[PDB]
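The number in PDB author numbering is simply the position in the first sequence, starting from 1, with 10 added. Backbone N, C-alpha and C define an ideal beta-carbon position, used for all residues, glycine too. Below is one structure, written out as structure tokens; the observations come after it.
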Amino acid sequence: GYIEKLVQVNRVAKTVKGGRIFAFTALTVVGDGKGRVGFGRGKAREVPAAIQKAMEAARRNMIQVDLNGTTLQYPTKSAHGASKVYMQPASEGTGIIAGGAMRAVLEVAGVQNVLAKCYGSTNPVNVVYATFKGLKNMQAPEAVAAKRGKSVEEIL
RNA sequence: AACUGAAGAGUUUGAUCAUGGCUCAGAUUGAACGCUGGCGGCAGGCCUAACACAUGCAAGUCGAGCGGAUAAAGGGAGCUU
């Protein structure tokens with residue numbers, strides 16, 4: 011589906027000769043409010059056209075996320091580049107408390123109780139990779155129990 | 001009766017990623033200063049010169065321990081209040 015959310019806008023450039031050609035980039039994540047997200051990056055020549063391009067690439071190559079219901083399954087920790095990310099599920103009344111670019115991922119996924127923090131280099135185009143290695147590699151235990159459930163899930 | 005939290009931003013460049021400094025958003029004080037100023041509860045008030053101090057007051061009490069001297073009421077008498 012489609013619920014859109016913008017994060018970043020830049021002004022990249024390019025020197026040719028004579029002057030300097032400008033261009034705009036944008037980063038936009040799209041989710042469904044249930045656990046299907048997708049991010050997208052587009053470059054164009056103006057703001058109202060660079061956002062439209064980044065929205066279209068978001069709703070291609072999406073991710074199914076197996077959330078527990080407004081929370082996560084377990085504390086995990088993933089990294090990409092020089093960016094390290096930590097996330098652990100929380101109680102009911104606590105909302106989402108994260109920084110800038112992990113709120114926009116964790117809104118549209120539908121989770122509400124995420125309690126996150128990012129270390130290392132804060133790059134909004136690169137902390138998103140650090141988040142999607144984490145969420146796309148969840149497990150959601152298909153087991154008979156948890157304190158007992160290590161005889162039917164390990165064979166899954 | 002026993003008992004739960006973790007946010008980032010700006011700044012090196014024609015522009016980008018990284019390393020690395022700096023700076024801001026918070027909660028606090030025996031606080032001082034500037035502008036302004038109705039009320040009441042509960043608190044606190046020399047952090048500097050352990051530097052000198054006028055004048056008041058802050059440890060006395062026992063006559064069921066003993067001398068001594070003050071000697072009432074009253075008992076009076078006497079003399080004339």
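Review point. So, are the CB atoms of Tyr-12 and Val-40 less than 8 angstroms apart?
Key: Here residue 12 refers to the residue found at position 2 of the first sequence. Here residue 40 refers to the residue found at position 30 of the first sequence. Yes, Cβ-Cβ distance for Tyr-12 and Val-40 is below 8 angstroms.
**Study point:** Exposed unless 16 or more other CB atoms sit within 10 angstroms - verdict on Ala-114
**Key:** Mapped onto the first sequence, residue 114 falls at position 104. With 16 or more Cβ atoms within 10 Å of its Cβ, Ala-114 is classed as buried.
Point to revise | N-terminal and C-terminal residue of the beta strand (DSSP E) that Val-17 is part of | key: Residue 17 sits at position 7 when you count from the first residue of the first sequence. From DSSP, the beta strand (DSSP E) with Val-17 extends over 13-19.
Exercise for review: Run through the region 31-70 for me and flag every whole alpha helix (DSSP H) of 4 or more residues, listed as ranges in chain order.
Suggested key: 57-68
Review point. Whose C-beta lies closer than 7 angstroms to the C-beta of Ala-60 among residues of the same chain, with five residues either side of it excluded?
Key: Counting from one through the first sequence, the residue named residue 60 turns up at place 50. Closer than 7 angstroms at Cβ, skipping near neighbours: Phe-34, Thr-35, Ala-36, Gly-52, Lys-53 and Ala-54.
Exercise for review: Per DSSP, which residues does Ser-93 bridge with? Please list them.
Suggested key: Residue mapping note: residue 93 aligns to position 83 of the first sequence, counting from 1. Beta-bridge pairing links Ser-93 to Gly-130.
Exercise for review: Have a look at the DSSP bridge pairing and note the partners of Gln-74.
Suggested key: Locating residue 74 in the first sequence gives position 64, where the first residue counts as 1. In DSSP, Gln-74 forms a bridge with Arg-46.
**Study point:** Coil, strand or helix - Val-22 by DSSP
**Key:** Locating residue 22 in the first sequence gives position 12, where the first residue counts as 1. In the structure shown, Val-22 sits in a strand (DSSP, three-state: E or B).
Point to revise | Backbone secondary structure at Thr-86 - three-state DSSP | key: Walking along the first sequence from the start, residue 86 turns up at place 76. Residue state, collapsed to three classes: strand.
Practice item. Identify which residue in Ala-68, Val-162, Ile-165 and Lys-94 has its Cα closest to the Cα of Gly-144. Key: Walking along the first sequence from the start, residue 144 turns up at place 134. Answer by Cα proximity: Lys-94.
Check your understanding: Over what stretch of residues does the alpha helix (DSSP H) that includes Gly-144 continue unbroken?
Key -> Here the question's residue 144 lines up with position 134 in the first sequence. Where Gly-144 is concerned, the enclosing alpha helix (DSSP H) stretches over 137-145.
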